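To keep things clear, I will list the structure first and then write my remarks on it.
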There are 2 protein chains.
Amino acid sequence: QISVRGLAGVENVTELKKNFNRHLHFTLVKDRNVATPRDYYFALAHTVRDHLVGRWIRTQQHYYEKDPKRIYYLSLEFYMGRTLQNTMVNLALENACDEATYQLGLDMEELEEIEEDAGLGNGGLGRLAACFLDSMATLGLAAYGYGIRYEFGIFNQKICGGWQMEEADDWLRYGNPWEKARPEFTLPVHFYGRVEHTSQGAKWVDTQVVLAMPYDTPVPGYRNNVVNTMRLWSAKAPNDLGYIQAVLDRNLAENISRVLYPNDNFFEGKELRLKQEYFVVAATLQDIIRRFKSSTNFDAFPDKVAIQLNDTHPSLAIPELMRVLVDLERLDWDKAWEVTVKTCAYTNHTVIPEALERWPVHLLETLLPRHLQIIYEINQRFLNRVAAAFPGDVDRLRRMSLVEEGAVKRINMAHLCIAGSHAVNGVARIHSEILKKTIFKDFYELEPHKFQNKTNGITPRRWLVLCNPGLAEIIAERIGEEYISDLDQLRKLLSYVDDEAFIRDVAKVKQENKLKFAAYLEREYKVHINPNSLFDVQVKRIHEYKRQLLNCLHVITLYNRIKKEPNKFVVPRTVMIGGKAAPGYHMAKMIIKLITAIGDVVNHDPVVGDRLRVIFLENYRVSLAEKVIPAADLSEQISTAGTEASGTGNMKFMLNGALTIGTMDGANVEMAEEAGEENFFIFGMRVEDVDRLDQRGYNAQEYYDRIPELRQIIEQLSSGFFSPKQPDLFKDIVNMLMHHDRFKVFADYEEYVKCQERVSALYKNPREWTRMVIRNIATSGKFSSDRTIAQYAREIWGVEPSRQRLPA
Amino acid sequence: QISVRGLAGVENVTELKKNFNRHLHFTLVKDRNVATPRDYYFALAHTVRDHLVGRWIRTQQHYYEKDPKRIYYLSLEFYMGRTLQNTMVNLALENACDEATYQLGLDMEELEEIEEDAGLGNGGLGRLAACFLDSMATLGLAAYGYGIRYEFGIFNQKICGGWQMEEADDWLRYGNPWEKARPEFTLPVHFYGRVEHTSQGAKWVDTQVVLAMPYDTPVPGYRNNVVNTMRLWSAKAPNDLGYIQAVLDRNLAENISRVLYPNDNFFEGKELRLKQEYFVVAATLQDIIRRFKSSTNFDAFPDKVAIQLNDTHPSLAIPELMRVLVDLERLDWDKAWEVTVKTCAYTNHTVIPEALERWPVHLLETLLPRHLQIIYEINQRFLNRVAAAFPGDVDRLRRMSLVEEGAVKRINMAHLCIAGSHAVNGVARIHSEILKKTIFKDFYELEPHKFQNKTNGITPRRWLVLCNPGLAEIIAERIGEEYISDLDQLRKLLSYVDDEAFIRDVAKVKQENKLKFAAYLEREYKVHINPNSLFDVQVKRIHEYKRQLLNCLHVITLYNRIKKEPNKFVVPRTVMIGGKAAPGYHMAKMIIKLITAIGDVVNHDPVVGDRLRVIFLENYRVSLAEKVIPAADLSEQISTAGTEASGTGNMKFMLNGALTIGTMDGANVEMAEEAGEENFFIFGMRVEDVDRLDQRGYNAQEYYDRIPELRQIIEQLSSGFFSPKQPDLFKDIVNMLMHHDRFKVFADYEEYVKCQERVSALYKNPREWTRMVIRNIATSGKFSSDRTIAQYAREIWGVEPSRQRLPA
Ligand SMILES: OC[C@H]1O[C@@H]2O[C@H]3[C@H](O)[C@@H](O)[C@@H](O[C@H]4[C@H](O)[C@@H](O)[C@@H](O[C@H]5[C@H](O)[C@@H](O)[C@@H](O[C@H]6[C@H](O)[C@@H](O)[C@@H](O[C@H]7[C@H](O)[C@@H](O)[C@@H](O[C@H]8[C@H](O)[C@@H](O)[C@@H](O[C@H]9[C@H](O)[C@@H](O)[C@@H](O[C@H]1[C@H](O)[C@H]2O)O[C@@H]9CO)O[C@@H]8CO)O[C@@H]7CO)O[C@@H]6CO)O[C@@H]5CO)O[C@@H]4CO)O[C@@H]3CO
Ligand SMILES: OC[C@H]1O[C@@H]2O[C@H]3[C@H](O)[C@@H](O)[C@@H](O[C@H]4[C@H](O)[C@@H](O)[C@@H](O[C@H]5[C@H](O)[C@@H](O)[C@@H](O[C@H]6[C@H](O)[C@@H](O)[C@@H](O[C@H]7[C@H](O)[C@@H](O)[C@@H](O[C@H]8[C@H](O)[C@@H](O)[C@@H](O[C@H]9[C@H](O)[C@@H](O)[C@@H](O[C@H]1[C@H](O)[C@H]2O)O[C@@H]9CO)O[C@@H]8CO)O[C@@H]7CO)O[C@@H]6CO)O[C@@H]5CO)O[C@@H]4CO)O[C@@H]3CO
Ligand SMILES: *Cc1c(COP(=O)(O)O)cnc(C)c1O
Ligand SMILES: *Cc1c(COP(=O)(O)O)cnc(C)c1O
């Protein structure tokens, strides 16, 4: 059908159809007369999977022969989403399969919707891991993704009475055709026990043992025949056992890989979570070393191994690597430490205090006794270095210690990471500067060379070609298909900004996406949106710093203004807000309720008509993002300046033809810088403005007294205007806004509303709106994860990326 | 290589080899240079599996079209063993695969040993289910085996210090290629709740829900292209959910199908066990009814459905069927009951009191409230019938009640079964007569027509062709291969009893089996048996009624006699005793220890040389039985008369060329009757003898005082002769033997020892021993499960078996 979607081919198509039938018959054991749609999905999934195996085996074969430096990406999260379509795209089988399935009388799109999302992530951090795997494979790097195979990923969100209800994400129920169990690589992981000191050194003994079984999932590069591996560990109990109970208690050990903690940028010092962090770390390292010894001095270890820590979650890799080298390989501490620092690198993802991992000493003391001793030793030698560089600065020592004193002694994992890594990077220029000027100022002054920046990016394969084939096509029609793996080329579209034909096509693709999505809402959610209105969407995890509330205030303002002048003209808008709230985050759940409550009032007001609709996008996840983003006109990125490290959703919207309204926060700064501030809708306080507001003191009351429209909104919330049967339902919201708002929602209200008016004014001029859109798309090249990965490779891992196709 | 093993074939072999490679490449994702032996086993397993699918789909297709009466075999146990070789045999692919694997440079036997046993059974009862499935498929019956898919089957037994150590049987760890998950047939099962009475009748409400997911395993008939199904249910928690714990608590619901209770002929009133019994029953019935409505009056239900209860374990099918018909389909009680009785049949497996299921009323009251009411109602109407037939016999009423009074009110499930079934059968003639004369005398007098006998049998496919191809061949060489599916033809061998060539061949096959097994013991168990000695083996679950102890007394006698006259000649013997002891059955575990203790003394006595060896066969199971049985010369079947309902191991030994020494118990009676008492080594008390011994009173001391040799043995056990470091280790054994032996071990000692001497005398005459052997094999035809199943079909289910081959 469309060019960028691959060639069909007589032989190719008849080859797929026959294999589809082989699998339906032999693999699923069924015939066309009893086959269920799920059966069809599986037949196709196995057929496509077969085209990966040859390349997967030869790629892993290639690395064994050439023996290149290996990149190990450790993360407790891999927000993969669906993989059927992504695999077809990277293999160029999309049109062929579409045709073959067509001839077999089946709609492929219907079959793809049957696939369960691999929701092994919470949000930004886990999606970055997923995009990185794709880019690493597309750039020919010998990379391995390592994490945990959770039986249950992020929970499925259902709204009842306007409230969020959590449901277990049993994604493995019908089976996963993409994974391959490798029982022969099972390894033991130790917990508890005690440390024994002998003549030969320390000995960790009397430990409880848990087995780690790996499941490999293929990761195809884009049209280069490279297939890397993502290895996920699963917890199994040893077989070595009144009798019934002993057998049933095996579930205790296997609960380690049972469920993903649903926290987004928030620390929970639970034991189960620590066990998970050590489990993935211990099993991965043994696999790493094993693979290494098959190439005994570890002096060459750093030249053959690079270990990237995605946040502090896998920070135990540092003391674990030391333990093995010192306790097992018998290297001397200093040599061991040199090796450790040279192979490990750390990526920081946030600056908010509640997200920092600080594990109680008593917990590490019981669970990982030897690791605690190693951490103390690391701390000792590290503070000796600080003391020597900054003589007499006793305060600096307390601040830099990996150990935090107080009622409860804790270990600061972020400090552990900085000390044990040769590189520490932020995820956006502004975030990286803040790390050097605030949070890690002391460390930066001690070792300025370790700190770097690596602005995040997204993969143009899944986030453009896959989710917006219509836009990918009209772009390919003018500049070719090379940009798909070299997004910078998108700049060439800059000379089509005045092209009438292009303007019409870009505007038409968007319109089509909106129509398709507008229908989607009625089908599986029976709604009533007007596809001619402006699609105003804010989708991301629900959090106070994200300020979904500021968005809510604007929506209530629009409503009040309409009611004030019913017969005045206003640009119609469909406001969509979606995202999951972590269970137990009360405020976050109150916000979802408030949003649905507003929709309940606004959506049923005869006077408003279809000029304003408020929709809460239920169960937001990767597969839903692939749908709503291509259909958006306005991207809401309004976090208080200095709180959103980088953000990646913002890049998704820019690449897909939506305009951005946001603060100078995270990557927003670099995006506006690339497109030109005039092509961005920037508003609100900048970082410094937040700073001198705190020094002076934030008094929300001041804004309430000076802004009539704001005052009215607050009075409506308090009086029960949005909760008739429960007048004080939102007393907590108002209370927080008026007396304890850490994120200064009122401070940016006026500027936000005004900027929103300029957005509406521009939407009234279709041609100019679209021309600004073209300028955003044309400059979104920098935000491709290919660029990001190429920088990590050259500036951190010390390996050269290659686009050379591997033999077919 | 051998005739009965199928034809190779040019096309056939090159077709297997290529498919073997397809699977190794595409299914296991590997190449010959990294493939592990397990990988090879799986490639072959998937290849063979592919040859089943066509027939499996057409067989199930056939039944749908013809719509024959369906047989549902309910059992909580299916002792399947390995299925790779069995499948090849029934498909006649054994030689072809052997050749194809040979050409690929692989030893098939080595690959078969990699397969895990499906140990979803304890012993006799579960193996009978397995043999029945094979026969039902071989006789073209539209039969379905229904049970539970236990994550952990019978535990693996390991001996340490002479003691039994239990290990979890994690048989699904590497995966099961034979099963097929059918998520679309998932059904809900209810527990707890309460009964609500309305205008429309009773309503079971506020129940906890557990889902039942089926996994189908193919069951191939012998060379007839029929492939039946064994559907095993797995417990899953519903998805409808502080947050972490709720997710982790899902394991509570899923623990229902986690492990098989390891009890052999012993009742454990545990809640988990009851839940298992209802779980398999409720899910199976819904499946049965669903399939029925697709052929609404249930008057025809009994003509289209037969439900066989393997013991009382699935007895809840009776009140469950009533519940559905009355509470859901709204039929009137009497009609419902007529239907129930006509579709259900019950098979009794034992008469020992400790095996009878008596569930506490309070348990059924909490877990299955409505079922308790239905049982009470059934009991009421049933006793009204007894009262009418036996006016004034108040005692008879108490005895027959399904409800047993006392400190704790219980429900007698066996009484429930008799009342709700149109047929009740014993498993051996003598066992069935005992049911009518004792245990169920009252029921028999009330309804003599319900009671029947169906002597057990074993499948000649697995128990001859598969485990003893050498014997199968030399027999086929003279009478053809028709006997494999018509064992009666084995009688034709009766006219070869004087044939010199046959005598030499039969004796040679045995010798070969003994050599192969004698080596096996050294390889994986590093032992030292003499293959020229008589193989004396007793393999079965360890139990006091089985009297492994009587065997022990004989072994100690032989030893003491040798030590008395060291230079006297005695026929050398290798005594093998194997079997698992249920955990918590103290006495059973003491017996295993005693056996190993004897071996420790006997096996290291220089004076004994290799004239006497005592070996304890570790981890006895189906796959081990297939090895030791073909190699045995003497089969020990010495249970106290009247305790072993039937036995099936006895039939296995007879079919494989071993002579039998045993009591007139269970099927032993019918076997000796078929071969002729002169060709059997019968000894000990008969049922009546046990009876007048009890009436008089059993005084073990009397035997101890009158038998010098017996006295010496007891003194040795007490003095610590077999436990030097622990003098009173066996004080409990002696105590039980002397004061509380329910099984009268001493009563049969003298006769047992003497009979054992006649066995030795016969072994000294090779030619005559072998001629007697031929007479046993030649008459073992009656014990084929094909005969057994044909009788169930005609006399109980009302369906005609057929040997007609189904189109290929
Ligand atoms: O594995 C090492 C030890 O681990 C564990 O210790 C951890 C603590 O439990 C944890 O609380 C935290 O320590 C913090 C501490 O609690 C806070 O009080 C604070 O401490 C600062 C203090 O307030 C400042 O005064 C200053 O200390 C200076 C000190 O006053 C000054 O005298 C000098 O110190 C020199 C010593 O005087 C001199 O004897 C010599 O010390 C040798 C030592 O003899 C030798 O054995 C070896 O150290 C051994 C040690 O002896 C063992 O006891 C064992 O220690 C472990 C603890 O038991 C654990 O509880 O093993 C050690 C091996 O490393 O080597 C020493 C020299 O390296 O030289 C000293 C010169 O440095 O100068 C210091 C300047 O630092 O600073 C203190 C730190 O800011 O803050 C602490 C950090 O948060 O973390 C501990 C692990 O780091
Ligand atoms: O669902 C039915 C009931 O279920 C539950 O009851 C069970 C008991 O809990 C459990 O213990 C066991 O019962 C045993 C009992 O505990 C023992 O004591 C013993 O009882 C025997 C007794 O010792 C003997 O004397 C003899 O009883 C005779 C009786 O003495 C004599 O009078 C005559 O009985 C006639 C009645 O007199 C007459 O009124 C009439 O009864 C009607 C009844 O009116 C009508 O409602 C209906 O029965 C209802 C009943 O009324 C409800 O209470 C309800 O009963 C349930 C219990 O509540 C549960 O606890 O529902 C019933 C619906 O079936 O129909 C009755 C007639 O069928 O006619 C009677 C003529 O039969 O004769 C009897 C002769 O039997 O024998 C007793 C039994 O041997 O042994 C009991 C069995 O172990 O089991 C109970 C369920 O079976
Ligand atoms: C891209 C993405 C995110 C990250 O969004 P931000 O707005 O940067 O927080 C979160 N969830 C999903 C499903 C995503 O696709
Ligand atoms: C045949 C068999 C049994 C039954 O043996 P009996 O001696 O009748 O109790 C038990 N276990 C296995 C493994 C069997 O093969």
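By convention in this document, chain letters (A, B, ...) are assigned in the order of the sequence lines, proteins followed by strands, and residues within each chain are numbered from 1. Order of listing sets the numbers, starting from 1, for every ligand and every atom in it. Just so it is clear, the values below take in all heavy atoms, side chains as well, and ignore hydrogens, waters and symmetry mates.
- The aromatic rings of A:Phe440 and A:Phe443 stand perpendicular to each other, their planes meeting at an angle above 60°, with 30° marking the opposite boundary.
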Worked check of ring pair (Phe, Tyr, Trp, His ring centres under 6.0 Å) between B:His543 and B:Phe266: CA-CA 10 Å; B:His543 209 296; B:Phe266 190 72; 7.9 Å; no

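- Between B:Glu636 and B:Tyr752, the side chains place a donor N or O and an acceptor N or O closer than 3.5 Å (distance only, hydrogens not considered).
- Cation-pi geometry between B:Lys580 and B:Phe155 is satisfied (NZ or CZ under 6.0 Å from the ring centre, within 45° of the ring normal).
- If you take CG on B:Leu128 and OG1 on B:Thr788, they are separated by 7.5 Å, rounding to the nearest 0.5 Å.
- Cation-pi geometry between B:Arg127 and B:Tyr79 is not satisfied (NZ or CZ under 6.0 Å from the ring centre, within 45° of the ring normal).
- Of the inter-residue distances, the one linking B:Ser623 atom OG with B:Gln85 atom CD reads 11.0 Å to the nearest 0.5 angstrom.
- The CZ atom of A:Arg399 lies 13.5 Å from the CG atom of A:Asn412; values are rounded to the nearest 0.5 Å.
- Note: B:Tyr520 and B:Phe517 have parallel aromatic rings, judged against thresholds of 30 and 60 degrees for the angle between ring planes.
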Name each N or O atom in ligand 4 that is under 3.5 Å from a protein N or O, and give the partner atom and the distance.
unit_1, atom_1, unit_2, atom_2, d
ligand 4, 7 (O), B:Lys540, NZ, 2.8
ligand 4, 8 (O), B:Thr648, N, 2.8
ligand 4, 8 (O), B:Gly649, N, 3.1
ligand 4, 9 (O), B:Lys546, NZ, 3.0
ligand 4, 15 (O), B:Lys652, NZ, 2.8

Ligand 1: protein N/O within less than 3.5 Å of ligand N/O:
unit_1, atom_1, unit_2, atom_2, d
ligand 1, 1 (O), A:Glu377, OE1, 3.3
ligand 1, 9 (O), A:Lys409, NZ, 2.9
ligand 1, 11 (O), A:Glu405, OE2, 3.3
ligand 1, 11 (O), A:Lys409, NZ, 2.7
ligand 1, 64 (O), A:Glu377, OE1, 3.1
ligand 1, 68 (O), A:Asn384, OD1, 3.3
ligand 1, 84 (O), A:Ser401, OG, 2.7
ligand 1, 85 (O), A:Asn379, ND2, 3.3
ligand 1, 88 (O), A:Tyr376, O, 3.3
ligand 1, 88 (O), A:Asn379, ND2, 2.7
ligand 1, 88 (O), A:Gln380, N, 3.4

